[PDB]
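Enquirer:
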Amino acid sequence: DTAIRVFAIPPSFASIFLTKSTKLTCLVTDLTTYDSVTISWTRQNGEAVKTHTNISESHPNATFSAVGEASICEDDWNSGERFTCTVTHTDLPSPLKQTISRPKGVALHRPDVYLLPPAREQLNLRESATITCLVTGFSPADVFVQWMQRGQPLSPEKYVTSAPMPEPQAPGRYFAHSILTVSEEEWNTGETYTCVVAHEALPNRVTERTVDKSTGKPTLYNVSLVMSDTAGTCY
Amino acid sequence: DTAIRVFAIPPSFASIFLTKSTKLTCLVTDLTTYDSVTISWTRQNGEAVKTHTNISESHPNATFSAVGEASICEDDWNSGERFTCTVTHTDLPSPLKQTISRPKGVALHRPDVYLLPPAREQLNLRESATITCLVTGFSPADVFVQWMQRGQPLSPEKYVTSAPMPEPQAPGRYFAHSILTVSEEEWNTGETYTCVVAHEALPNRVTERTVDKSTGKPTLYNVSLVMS
Amino acid sequence: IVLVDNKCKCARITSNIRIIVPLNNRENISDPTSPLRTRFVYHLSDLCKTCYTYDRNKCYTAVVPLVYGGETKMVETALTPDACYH
Numbered sequence: 141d142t143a144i145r146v147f148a149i150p151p152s153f154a155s156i157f158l159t160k161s162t163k164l165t166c167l168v169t170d171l172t173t174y175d176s177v178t179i180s181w182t183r184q185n186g187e188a189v190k191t192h193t194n195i196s197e198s199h200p201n202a203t204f205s206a207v208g209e210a211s212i213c214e215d216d217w218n219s220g221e222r223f224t225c226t227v228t229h230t231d232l233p234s235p236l237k238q239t240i241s242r243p244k245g246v247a248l249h250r251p252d253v254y255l256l257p258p259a260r261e262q263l264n265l266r267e268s269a270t271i272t273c274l275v276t277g278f279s280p281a282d283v284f285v286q287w288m289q290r291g292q293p294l295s296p297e298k299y300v301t302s303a304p305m306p307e308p309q310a311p312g313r314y315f316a317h318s319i320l321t322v323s324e325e326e327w328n329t330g331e332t333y334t335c336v337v338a339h340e341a342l343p344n345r346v347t348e349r350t351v352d353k354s355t356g357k358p359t360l361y362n363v364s365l366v367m368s369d370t371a372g373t374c375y
Numbered sequence: 141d142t143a144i145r146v147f148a149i150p151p152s153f154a155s156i157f158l159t160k161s162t163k164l165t166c167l168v169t170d171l172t173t174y175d176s177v178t179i180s181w182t183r184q185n186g187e188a189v190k191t192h193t194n195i196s197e198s199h200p201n202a203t204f205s206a207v208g209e210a211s212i213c214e215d216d217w218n219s220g221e222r223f224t225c226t227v228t229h230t231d232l233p234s235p236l237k238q239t240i241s242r243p244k245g246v247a248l249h250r251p252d253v254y255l256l257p258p259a260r261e262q263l264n265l266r267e268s269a270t271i272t273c274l275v276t277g278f279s280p281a282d283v284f285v286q287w288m289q290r291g292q293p294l295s296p297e298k299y300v301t302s303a304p305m306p307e308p309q310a311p312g313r314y315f316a317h318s319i320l321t322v323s324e325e326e327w328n329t330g331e332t333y334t335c336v337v338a339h340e341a342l343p344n345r346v347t348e349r350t351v352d353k354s355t356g357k358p359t360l361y362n363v364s365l366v367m368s
Numbered sequence: 028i029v030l031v032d033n034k035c036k037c038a039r040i041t042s059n060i061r062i063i064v065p066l067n068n069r070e071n072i073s074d075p076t077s078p079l080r081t082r083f084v085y086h087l088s089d090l091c092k122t123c124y125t126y127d128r129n130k131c132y133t134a135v136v137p138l139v140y141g142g143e144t145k146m147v148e149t150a151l152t153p154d155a156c157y164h
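Sequence lines, in order, name chains P, O and J.
Take the first sequence: its position 195, counting from 1, is numbered 335 in the authors' numbering, and each next residue is one higher.
Take the second sequence: its position 105, counting from 1, is numbered 245 in the authors' numbering, and each next residue is one higher.
Residue numbering for the third sequence is 28 to 42, 59 to 92, 122 to 157, 164, as defined by the authors' numbering.
Right under this line is the structure:
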């Protein structure tokens with residue numbers, strides 16, 4: 141494609157996990173607003189797709205058209221289920237096709253999560269606390285993360301998350317970050333803070349982690365090794 | 141998204157902080173194909189300034205364009221002024237006042253830096269270890285970070301820093317992270333790792349924070365060998 | 028609060060760390076005919092995944137021979153019959 145770009149935003153793992161609907165959206169920008177702007181979807185093999193449900197009524201430039209999508213199940217996402225968005229308009233001499241396939245993730249690596257509590261220095265400020273859920277040692281990309289508190293998915297306005305960047309050990313490994321701001325007192329009590337990470341490489345695509353003052357480094361050690369010359373069983 | 145697209149560039153402070161040299165360059169992606177360019181560099185005061193040079197005639201797009209560098213004084217450029225070049229075109233006067241200068245003013249805040257050590261699980265696995273450097277609560281953006289081991293600047297490949305992102309508390313606040321890989325053996329009784337941070341809203345333009353094995357807290361064991 | 032309460036080694040970690064180490068026990072638990080293993084190891088990481125003590129609910133057993141009038145016959149005997157059932 142050279143003239144008149146065509147966007148194509150496939151469904152991310154977040155919607156597959158939370159929304160549970162794989163919708164492939166494709167649109168055309170910087171184009172005229174007349175009729176004949178038909179957006180369709182079909183498989184490269186020749187098979188079509190489900191009806192384009194939940195169309196977009198308004199448009200950025202009031203482009204009179206109908207975005208093409210398909211409420212296909214997750215089965216059309218693994219490796220060998222490609223798609224093609226076809227767009228037709230009177231301005232162009234022929235319709236434009238946009239083919240899309242799966243990245244075909246390779247060199248699967250079980251994510252290795254290593255959480256650690258907030259830095260000591262913040263505690264001296266006594267103004268606010270921040271928690272990290274850095275994730276590393278995983279492949280492929282597209283790892284989702286969320287901050288739960290007793291089964292309360294926190295809103296994105298509360299926690300932020302970063303995309304994954306290549307790891308320095310090898311290019312077949314990525315790492316990402318996700319922070320969440322809270323009050324210092326709330327962190328003091330623990331409040332059953334948990335981090336949920338979803339990745340395809342995981343056997344169940346869900347892994348939960350948690351941290352507390354005890355987890356980091358308890359200075360005290362009230363160790364009591366009872367010699368108990370003779371107990372045999374649990375004395 | 142509609143023309144005049146600028147490709148991703150490294151406007152970070154390291155552009156001049158690694159080599160300690162003022163560099164001035166401004167261009168637009170996919171420029172109109174024309175012979176030469178109407179170079180023009182002047183300050184906002186009114187007096188002209190030495191124009192850039194060293195035009196490297198090499199592009200992947202094969203589009204006839206020009207790109208170079210200009211070194212200027214530091215007082216004027218860092219005078220709280222967003223220096224913008226004024227390079228125009230031969231076919232038509234098009235002064236591209238692109239702000240290659242960093243955003244001075246707006247709001248200054250100390251970038252709080254915390255240097256956190258690897259988790260117990262990572263070290264116990266005895267395969268590698270990662271040290272984290274969190275930078276939080278600062279303004280404006282574009283805060284640079286680097287690593288050192290007692291004057292031994294480790295290769296950029298070893299560590300990696302995220303580009304700045306906005307903070308959930310408010311847009312003014314930002315935060316960034318820098319991770320460094322290293323073997324566990326050195327983290328036990330090896331060398332100290334220092335995470336230096338550079339920002340315009342700093343007194344010396346740079347700070348530093350070191351960590352080593354004892355970075356935690358002193359353990360106070362209370363063993364009680366109760367016997368018969 | 029009680030992080031680990033392993034009854035195999037009687038290791039309880041309330042987050059307190061209590062570990063009882065009974066001296067009287069043979070190296071091999073399968074049969075008593077084994078050296079006396081005086082060494083004791085308590086790996087916290089491994090424990091949080122060769123026992124020494126015997127659980128109150130657990131009733132171990134071992135087979136032993138007997139000869140009264142005829143031929144040697146094997147019969148099971150419990151090392152802690154009181155736990156199993164003056």
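Don't be surprised by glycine CBs; every beta carbon is placed ideally from N, CA and C.
To the nearest angstrom, report how far apart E221/P and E348/P are at their CA atoms.
Expert: If you take the alpha carbons of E221/P and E348/P, they lie about 31 Å apart.
Enquirer: Who are the Cβ neighbours of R242/P in its own chain at under 6 Å, not counting the five residues just before and after it?
Expert: Result list for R242/P: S219, in chain order.
Enquirer: Quick one: residues in its chain with C-beta nearer than 6 Å to the C-beta of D252/P, no 5 flanking neighbours on either side, listed in chain order?
Expert: The residues are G277.
Enquirer: Which value, in whole angstroms, describes the spacing of the CA atoms of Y85/J and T329/O?
Expert: For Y85/J and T329/O, the distance between alpha carbons rounds to 25 Å.
Enquirer: For a test of your reading of the model: does the CB of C335/O fall under 7 Å from any non-hydrogen atom of ligand 2? Yes or no.
Expert: In terms of ligand content, the structure shown is empty, and ligand 2 therefore cannot be addressed.
Enquirer: In whole angstroms, give me the CA-to-CA distance for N201/P and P151/P.
Expert: The alpha-carbon atoms of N201/P and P151/P are separated by roughly 24 Å.
Enquirer: Measure the alpha-carbon distance for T142/O versus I144/P and round it to whole angstroms.
Expert: So the two alpha carbons sit approximately 11 Å from each other.
Enquirer: Could you round the C-beta distance between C166/P and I179/P to whole angstroms and report it? I think they count as a contact, below 8 Å.
Expert: So it is a contact: roughly 6 Å between Cβ atoms.
Enquirer: Count the other C-beta atoms from every protein chain shown that fall within 10 angstroms of the C-beta of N67/J, then say buried if there are 16 or more, exposed otherwise.
Expert: Classification for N67/J: exposed.
Enquirer: Could you pull out every residue in the same chain whose Cβ sits closer than 6 Å to the Cβ of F223/O, ignoring the five residues on either side in sequence?
Expert: Cβ within range, chain order: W217, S241.
Enquirer: Quick one: is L164/O buried, meaning 16 or more other Cβ sit within 10 Å of its Cβ, or exposed?
Expert: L164/O comes out buried.
Enquirer: Mind listing the chain O neighbours of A202/P? Cutoff is C-beta to C-beta under 8 Å, in chain order.
Expert: Simply none; closest approach about 15 Å.
Enquirer: Can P75/J and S368/P be called in contact, C-beta distance under 8 Å?
Expert: No.
Enquirer: What residue does the alpha helix (DSSP H) around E324/P start on, and which one ends it?
Expert: Residues 324-329.
Enquirer: Give a yes or no on whether the minimum CB-CB distance between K237/P and chain O is below 8 Å.
Expert: Cβ-Cβ to chain O under 8 Å: no for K237/P.
Enquirer: According to DSSP, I271/P sits in a beta bridge with which residue or residues?
Expert: In DSSP, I271/P forms a bridge with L320/P.
Enquirer: Under a three-way DSSP split, which group does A154/P fall into?
Expert: In the structure shown, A154/P sits in a helix (DSSP, three-state: H, G or I).
Enquirer: Quick one: is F147/P buried, meaning 16 or more other Cβ sit within 10 Å of its Cβ, or exposed?
Expert: Classification of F147/P: exposed, given that the 10 Å Cβ count is below 16.
Enquirer: Could you tell me which residues DSSP pairs with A259/O in its beta bridges?
Expert: For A259/O, which the question treats as bridged, DSSP gives no partner whatsoever.
Enquirer: What's the C-alpha gap between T203/O and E209/O?
Expert: Going by the C-alpha atoms only, they are around 19 Å apart.
Enquirer: Using a Cβ-Cβ cutoff of 8 Å, what residues of the region 62-77 of chain J are near chain P? List them in chain order.
Expert: Under the 8 Å Cβ criterion, the region 62-77 of chain J contributes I62, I63, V64, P65, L66, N67, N68.
Enquirer: Listed from N- to C-terminal order along the chain, which residues in the region 126-141 of chain J have their beta-carbon within a distance smaller than 8 Å of any beta-carbon of chain P?
Expert: So the list reads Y126, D127, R128, given in the order they occur along the chain.
Enquirer: Near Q286/O, which residues of its chain fall below 6 Å by C-beta distance, leaving aside the five closest residues on each side in sequence?
Expert: Cβ neighbours of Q286/O beyond the five flanking positions: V336.
Enquirer: Please report the distance separating the alpha-carbon of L90/J from that of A338/O.
Expert: C-alpha separation (whole angstroms): 46 Å.
Enquirer: Tell me which same chain residues have a C-beta within less than 6 Å of the C-beta of residue 373/O, skipping the five on either side of it?
Expert: Outside the displayed span of chain O (141 to 368) sits residue 373/O, for which this structure offers no information.
Enquirer: Leaving out five residues before and five after residue 55/J in sequence, what residues of the same chain have Cβ atoms less than 7 Å from its Cβ?
Expert: In this structure residue 55/J is absent; chain J steps straight from 42 to 59.
Enquirer: Distance check for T172/O and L294/O, CA to CA, integer angstroms please.
Expert: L294/O and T172/O: Cα-Cα distance of roughly 42 Å.
Enquirer: List, in order along the chain, the chain O residues whose C-beta lies closer than 8 Å to that of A259/P?
Expert: Near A259/P (Cβ distances below 8 Å), the residues of chain O are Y254, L255, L256, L274.
Enquirer: Give, in chain order, every residue of the region 144-155 of chain P whose Cβ lies closer than 8 Å to some Cβ of chain O.
Expert: Going along the region 144-155 of chain P in chain order, one finds no residue with a Cβ nearer than 8 Å to chain O.
Enquirer: So, are the CB atoms of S302/P and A281/P less than 8 Å apart?
Expert: No, the pair does not count as a contact, with Cβ atoms beyond the cut-off.
Enquirer: Taking the alpha carbon of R290/P as the point to measure from, which residue in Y375/P, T332/P, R183/P has its own alpha carbon closest?
Expert: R290/P has its Cα closest to that of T332/P, out of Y375/P, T332/P, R183/P.
Enquirer: Using the Cα positions of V275/O and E261/O, report the straight-line distance between them to the nearest angstrom.
Expert: So the alpha carbons of these two residues sit roughly 24 Å apart.
Enquirer: Could you name each continuous beta strand (DSSP E) segment of 3 residues or more that falls completely within the region 179-263 of chain P, going from the start of the chain to the end?
Expert: Segments of the beta strand (DSSP E) lying fully in the region 179-263 of chain P: 223-228, 236-240.
Enquirer: From what residue to what residue does the beta strand (DSSP E) around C156/J run?
Expert: Per DSSP, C156/J belongs to no beta strand (DSSP E); it is in the alpha helix (DSSP H), 153-156.
Enquirer: Got a sec: which bits of the region 350-363 of chain P sit with their beta carbon under 8 Å from any beta carbon on chain J, in order along the chain?
Expert: Those would be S354, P358, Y361, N362, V363, in chain order.
Enquirer: Hey, could you find the ends of the alpha helix (DSSP H) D89/J is sitting in?
Expert: Element bounds for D89/J: 87-90.
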